[PDB]
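Trainee: Here's my sequence, what's the structure:
(one chain, ligands or ions: 1)
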Amino acid sequence: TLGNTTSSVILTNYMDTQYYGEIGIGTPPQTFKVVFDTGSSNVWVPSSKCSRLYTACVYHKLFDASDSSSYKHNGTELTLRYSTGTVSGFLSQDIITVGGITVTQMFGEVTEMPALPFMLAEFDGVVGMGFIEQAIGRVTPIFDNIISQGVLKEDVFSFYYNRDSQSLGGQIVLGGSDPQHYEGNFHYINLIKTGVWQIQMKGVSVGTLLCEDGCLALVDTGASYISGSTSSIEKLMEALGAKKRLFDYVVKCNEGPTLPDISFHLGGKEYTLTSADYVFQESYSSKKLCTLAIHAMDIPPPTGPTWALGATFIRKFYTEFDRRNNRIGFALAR
Ligand SMILES: *[C@@H]1O[C@H](CO)[C@@H](O)[C@H](O)[C@H]1NC(C)=O
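Mentor: Numbering: from 1, shown residues only. Sharing the structure here:
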């Protein structure tokens, strides 16, 4: 079942690492800054029931069930595990607005929210855009719920991530794509399987050094960076002349623009990033260090080992997520 509505969510670009939009939960709406994340499937926001001893709950918007006349209790415990951290809490049901679409949605009220990393979040919560199969507690994801309404023109959603300074930080179209933010044709790659926004990758090139037998690529709107496995990144970085630090790889800022192209071989086409697309050029000095927007992340089975194509990739390539045809479309962003 399909309608005729298309709907956009305006996103704020925080330091090229966090892309978030506004959603409203409850009656009247309590507003939250949320990351729309294709790598997970649960909605959560911090709870008023979160102990103030969690400092992250002091520094973020808290959902207060006691102020919502449309709240429906459930209370089942849930733990959501991400790459960079974990949240715990319980399930609740309420009205959620996103792009002027209202859905009754089960979501997590988070009562346990670690200061690292959640103090470093501009956003309050997460809206998972993954499939029900990856949803913790088998809770229906928000998009599946929007699909049930039969209002969207297509069973698709699209991401645009900008660079950044008083302009559009990003955009999610629910029900289509926006031609004003892409050019040329979409080139589609089918998913490995329905359930995960993951596709076959045929190779990674520096300047084909890596993934020469084929590997996996998670198209992850909630990942800031392009990530590969530890040994894959170690080899990638050796070729770039980049040195390892605790959380990132750095190159000396001067040698930044001279860094080779990195190409990802997806569904026939070759998706190339220049150094400008993956280096945080904050200086041109030899005596300063510059961070690369490519990280090591060992994603566990059964999803892993896999590469993750995050904001670094999506900035260059406007991404359409097709649920009806179980594929991902890429076009040149503008
Ligand atoms: C929570 O939701 C599940 C599944 O919809 C349901 O079976 C259960 O009874 C609910 N629990 C409470 C306490 O509302």
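Trainee: Indicate the residue of the stretch 51-200 of the chain located nearest to the ligand.
Mentor: residue 74 (3.9 Å; CB to the nearest ligand atom). For every residue, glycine as well, the C-beta is placed using N, CA and C.
Trainee: Count residues in the vicinity of that residue, would you?
Mentor: Neighbourhood size, residue 74 [other CB atoms under 10 Å]: 14.
Trainee: For beta bridges, what are the partners of the nearest residue to it once chain neighbours are set aside?
Mentor: In space, not counting the residues next to it along the chain, residue 74 is nearest to residue 91; the distance is 4.3 Å by CB to CB, 6 or more residues apart in numbering. For residue 91, the beta-bridge partners under DSSP bridges are residue 108.
Trainee: in the stretch 151-300 of the chain, which spans are strands?
Mentor: Using DSSP state E, counting those that start in this stretch, the strands found in the stretch 151-300 of the chain span residues 156-161, 170-174, 182-190, 198-201, 203-206, 215-219, 226-228, 243-244, 249-252, 262-266, 269-273, 289-291, 294-296.
Trainee: contacting residues around the residue in the stretch 201-334 of the chain that the ligand sits nearest to?
Mentor: Residue nearest to the ligand within the stretch 201-334 of the chain (CB to the nearest ligand atom): residue 323, separated by 22.5 Å. Taking CB atoms under 8 Å, 6 or more residues apart in numbering, we find residue 323 in contact with 143, 147, 155, 156.
Trainee: Just the residues contacting the helix or strand where the second one lies, thanks.
Mentor: I take that to be residue 147. In the assignment (DSSP states H and E), residue 147 maps to helix 142-148. Outside helix 142-148, the residues that touch it by CB under 8 Å, 6+ apart are 1, 43, 96, 98, 101, 103-105, 127-129, 132, 152, 155, 157, 174, 323.
Trainee: hmm, try it at 6 Å
Mentor: The contact list for helix 142-148 (CB atoms under 6 Å, 6 or more residues apart in numbering) reads 43, 101, 103, 105, 127, 129, 132.
Trainee: Same check on stretch 182-192?
Mentor: Stretch 182-192 is contacted by residues 198-199, 266-267, 269, 318, 326-334 when judged by CB under 6 Å, 6+ apart.
Trainee: hey, where'd the helices end up in the stretch 1-150 of the chain?
Mentor: In the stretch 1-150 of the chain, the helices defined using DSSP state H, counting those that start in this stretch lie at 55-58, 115-118, 142-148.
Trainee: For residue 287, find the nearest of those.
Mentor: Closest to residue 287 of those, according to CB to CB: helix 115-118, at 29.2 Å.
Trainee: Counting by contacts, list what that closest one packs against.
Mentor: Packing partners of helix 115-118 (3 or more CB pairs under 6 Å, 6 or more residues apart in numbering; DSSP states H and E): helix 55-58.
Trainee: Now distance to the ligand too, for the contacts of helix 142-148, in TSV please.
Mentor: Listed next are the contacts of helix 142-148 as TSV, based on distance: CB to the nearest ligand atom, whole Å:
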residue	distance to the ligand
43	15
101	22
103	16
105	12
127	20
129	21
132	13
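Trainee: Filter those down to just the ones in strands.
Mentor: Among the contacts of helix 142-148, the ones falling in strands (DSSP state E) are 43, 101, 103, 105, 127.
Trainee: Tell me the buried residues within those residues.
Mentor: Buried members of the ones in strands among the contacts of helix 142-148, counted by 16 or more other CB atoms under 10 Å: 43, 101, 103, 105, 127.
Trainee: Quick one: these as CSV, columns for distance to residue 24 too.
Mentor: Below are these laid out as CSV (distance: CB to CB, whole Å):
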residue, distance to residue 24
43, 12
101, 11
103, 11
105, 11
127, 12
